[PDB]
Structure formats: C-alpha cells, structure tokens
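Just one chain is shown here, as structure tokens, and it is the form deposited in one PDB entry.
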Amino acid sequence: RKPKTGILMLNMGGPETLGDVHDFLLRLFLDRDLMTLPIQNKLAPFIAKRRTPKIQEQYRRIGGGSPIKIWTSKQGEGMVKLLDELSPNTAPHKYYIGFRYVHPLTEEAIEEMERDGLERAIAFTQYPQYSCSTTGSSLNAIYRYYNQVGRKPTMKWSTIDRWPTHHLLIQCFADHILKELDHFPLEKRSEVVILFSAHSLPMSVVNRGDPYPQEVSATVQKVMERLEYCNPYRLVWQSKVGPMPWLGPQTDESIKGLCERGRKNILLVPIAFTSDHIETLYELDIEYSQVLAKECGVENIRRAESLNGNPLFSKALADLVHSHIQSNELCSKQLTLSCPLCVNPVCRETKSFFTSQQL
C-alpha cells in the first residue's frame, strides 16, 4: 500500500565520516536560526574551514564520526512497525530522516515526502526538550522550505515539538542509569553522584527566554522520581566552546570540583541528546584525567549509554506519534508562545504555519 502517513524525524544530524565534517560545520554556522553573525554568508565558510581540523580530531576520538544516521534509521523502522499495529487507520506509516546539517537534509526529506503523495505529515523532533536553537531551527526549516519554493504544502502538517517528560523516555533513562550504576563497586554504588549533563546555551539565548533549561530540568526531576532518589544528583551543562558566558555550572569544572570535594565516583548522564556525541575533557584527555586522579584521587567516572537502539525507546516514539494522532493536535500549546525577547521574525511565521494547517 502507498505510504499514507509520514513521520519526519528531525535532528541536527552529524558527520558520518571525518570527511563530512566541513560541510556539517558550514551548514551549522550558516544557520541564522541557531546563531546570528555579521556578514554570515561570508564569515560562516571561513569559520567552518578553520574549525574543521579541531572537530575532525574530536570525532576521531569517538570512533571517526557520528552514528546518528544508523541509530535514527533503526529507531525509525521500529517506530513504523509498531505504528502500523497501533493506528491501522493511518497506516501504512513511513519515517523520513530530516537532518539540519547533513544528508538527508530537512529540505530533501520534505521534497521526498511530497513526491510520495502522503496524506499526513508529522514533524517529529528528536530533541525531547525544546530549544529555539534545535527544534526551533528544524521547524523553521520546514517553513523556510515552502516559502523558498513559493508553493503550499500538498500534505496536512502537524508537529510533535517537544516531549521532555514522556513516561517511556523517562523509563529508558532510568533503566540506563541503573544499568550503569551496576558497573560501580557495590560498596560504593550508594555514593555515586549522578551528573546529568545537557549541552549548554549561551546566556544571551537563556536570557531571551529559551524554553530548554526549564524542560531539561523537568526531564531530570522525572528521572530521579522514577529512581526514587536513590543517589544524589546535579544538572550541569557542557559548553566550553567560546569566551562569552554560557549557562553553567560547566560539566568539566563540576567534575573537578566534585572530586576536589571528596566525590570520587561520578555517573554522567546524556539527558538531552539521545545519540552518542563528543564527550567531556576528563573522558578524553589523559593528562587531565591523571592530574585529577593524583590531586583529588578520583576513582570512577562513567557515562550512561545513549538511548540508541533500546526497543523501549522505539516504543516511546511510536507511543508519542500515536497519541499525537489520536489527539488531533497541530502542535503543543507551548509552540504558540514565542520567546519573550525573540528577535527572529521567522519564528512567528513557523508558528502560524502549524497552527493554521488544515484539520
């Protein structure tokens, strides 16, 4: 049967191999929905070229690239299989990968969706917590596409723009934390510090009203409640990319601080990005790890596994889409409110794009 319902899985994407780093960075620094730079069209290319060496080295340290495409595809296949059983009235379902900075690009995915003659299209962000820099940019890309081709969608659109506390997502995090805790000595498991680490945001973005910090905090609370507060925790942020102020505490400085204060066992939890990504200083630098181990005597620093191919995660995705369909919603109530200090004219347009959709 011809595909009836399409699920566009949105994420930033990642360079599959080290050779894909340059174009990844080029598209990233050109994104006006992510950052604003003077003469951006000319400055971005320069920054991308100049920064490619450093980033290639970082990806080499984690295997030689990002596994986001393979993991997203696997999750997409699992999701669709469950959906065909859960929602027979909207079946068959088909998933499409829409990466912001690498192929398949958001634009390429929309193009294919239209060609498949879908009846329903769902913009399903793969970031559980909403940030104008992530989901916002991906959604704006959908609006920009149609406003670029000067044509109106031939499909009925809607969006699942956030899901910071979905029960199955929370169950997955809890399961991975418990599984990792089992790797620490039994006599020390109770002393392990759970350090939830989410990518930071520049303070200029936090102060304009970005929804992300509050939503990430909500995910953390739900996970700790599920874990019955078995261990102490702190939500910290990984930044270390520029000179200006970013939301802290910084993950690196926090690990050092905790160890200097007697906490020798730490469990890092990737609470806001479900795929493997670049790790922190104390996980990749031998010199630093040794300096820390000798000065504070750190004993164990581990990182919980990314949600990757957890079947319960595919179940979470299918559940989200199913509920979305049953609710007949076009977007979350939250998407109808722009940041109090939003200065990006496209945000309002994207909002209207979804709230005004047929049906």
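When you see a residue number, it is the position in the sequence shown, counting from 1. For clarity, a rigid core is taken as the largest C-alpha set superposing within 1.5 Å between two forms.
Taking only CA atoms, the mean B-factor in the PDB entry is higher for 271 to 279 than for the other of 165 to 173 and 271 to 279. Comparing 142 to 150 with 221 to 229, the higher mean C-alpha B-factor in the PDB entry belongs to 142 to 150.
Reading the B-factor column for the CA atoms of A304, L312, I68, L320 in the entry, the top value corresponds to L312.
Highest CA B-factor among the listed residues (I62, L34, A44, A316): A44. Annotation for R234: C-alpha temperature factor in the lowest third relative to the rest of the modelled chain, per the entry. Per-chain ranking of the deposited C-alpha B factor places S289 in the highest third. For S332, the recorded CA temperature factor ranks within the lowest third of the chain's modelled residues. For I194, the recorded CA B-factor ranks within the lowest third of the chain. Only modelled residues enter the ranking. Sort the chain's modelled residues by C-alpha temperature factor and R208 lands in the lowest third, per the entry.
Keep in mind that the form deposited in another entry is missing from the display, and what follows is about it.
Of the candidates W246, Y282, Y145, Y233, the Cα that moves 2 angstroms or more after core superposition between the shown form and the other one belongs to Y282 alone. The Cα shift for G309 between the shown form and the other one, taken after rigid core superposition, is smaller than 2 angstroms. Superposed on the core, the two forms barely differ at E329: its CA moves less than 2 Å between the shown form and the other one. The two forms, fitted on the rigid core, differ between the shown form and the other one by less than 2 Å at the CA of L320. Here's the thing about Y282 and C259: their CA atoms end up at least 3 Å farther apart in the other form than they are in this form. Three angstroms is the minimum change: in the other form, the CA atoms of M203 and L281 sit farther apart than in this structure, by 3 Å or more.
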